[PDB]
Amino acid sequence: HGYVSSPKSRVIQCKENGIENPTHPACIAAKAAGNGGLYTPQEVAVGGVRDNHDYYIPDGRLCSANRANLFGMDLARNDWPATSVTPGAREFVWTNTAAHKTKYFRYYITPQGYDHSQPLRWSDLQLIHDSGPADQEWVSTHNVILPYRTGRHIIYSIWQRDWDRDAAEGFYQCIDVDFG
């Protein structure tokens, strides 16, 4: 159980903007599509997953991990609240509510030119970081090297719980960033 707190993931950006009465236009939209999962940002979860996330999560459902109460997270928008980034090293931090033995934390990113016009697909993601396995960590920090980009981008971090040492389960976090 956990989520990316820094840069704030999309479920955290919108949580903090107000789940019941959001004011930001993307989160207002997310409310209408399914956002009551925003109370439990640590749970964008899939049970049984063993490094085969695309079997369990359909394209267009990467941000909700296909959970309906987060379907608002699946909307294509160029106005998601985003953190300013630049190419090079950026810390990404997972705040874990319940620690687990870890096969890996991985990060992916959209390609240069990405236009936010369709929901996020597996084919949209390039691997940009792999943290390797870990023991339990209350806080998991990955210094991800951001490739050259301009414009707004989506980062997808994925937490694979170590199924050999522990249990099979996946946690999924879409983060919005802006390369300027």
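One rule holds for the numbers: they count along the sequence shown, beginning at 1.
The mean Cα B-factor in the deposited entry runs higher for 118-126 than for the other of 66-74 and 118-126. In this entry, the residue among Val44, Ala32, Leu146, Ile57 with the greatest C-alpha B factor is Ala32.
Annotation for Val93: C-alpha temperature factor in the lowest third relative to the rest of the modelled chain, per the entry. In the deposited entry, the Cα temperature factor of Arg106 sits in the bottom third of values across the chain's modelled residues. When all modelled residues of the chain are sorted by CA temperature factor, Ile28 is found within the lowest third.
In the PDB entry, a CA B factor belonging to the middle third of its chain's modelled residues is recorded for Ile19.
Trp163 sits in the highest third of its chain by CA B factor, as recorded in the PDB entry.
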